[PDB]
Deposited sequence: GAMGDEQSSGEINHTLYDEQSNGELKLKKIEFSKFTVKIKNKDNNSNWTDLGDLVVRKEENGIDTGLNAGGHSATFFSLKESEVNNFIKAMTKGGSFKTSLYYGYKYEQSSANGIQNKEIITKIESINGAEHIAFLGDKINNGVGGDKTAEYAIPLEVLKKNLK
């Protein structure tokens, strides 16, 4: 059983030099079945990744303690390759990471266009406050 309906939390990515930069806000929404999350970065607004009921516990766990979950669809952001059409069952895999003094949930995205993927970071304390 899950209390929450909808909330927002800041998301960062690693820029062209591998520096954590603020990207935007991520709108996590709770469905009849699963979670949708969507990226409002710059003036682009579009679904980021989603997952059904069964991966929910794996989500919460993952997004609070570090772990992994299976998405229904992962698109990401524009630079990564899966944003045109999205990819089913992409496994997201999370770590805890202190960035300034603030622990974040960090995970890799998709391949961009020597294989380079996108990297992402959301603060842990906000994910814990809201994810229940």
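According to the record, no C-alpha positions are given for deposited positions 1-28, 142-145, numbered from 1.
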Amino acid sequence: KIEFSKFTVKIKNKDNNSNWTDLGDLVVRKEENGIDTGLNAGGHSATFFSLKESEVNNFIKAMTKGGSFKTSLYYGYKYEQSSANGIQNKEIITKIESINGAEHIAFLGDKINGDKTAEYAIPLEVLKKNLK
From here on, numbers count along this sequence of modelled residues.
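Two stretches are in play, 82-90 and 46-54, and the higher mean C-alpha B-factor belongs to 46-54. Stretches 17-25 and 118-126 differ in mean CA B factor, with 17-25 having the higher one. Within the selection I60, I99, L39, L73, the deposited Cα B-factor values reach their highest point at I99.
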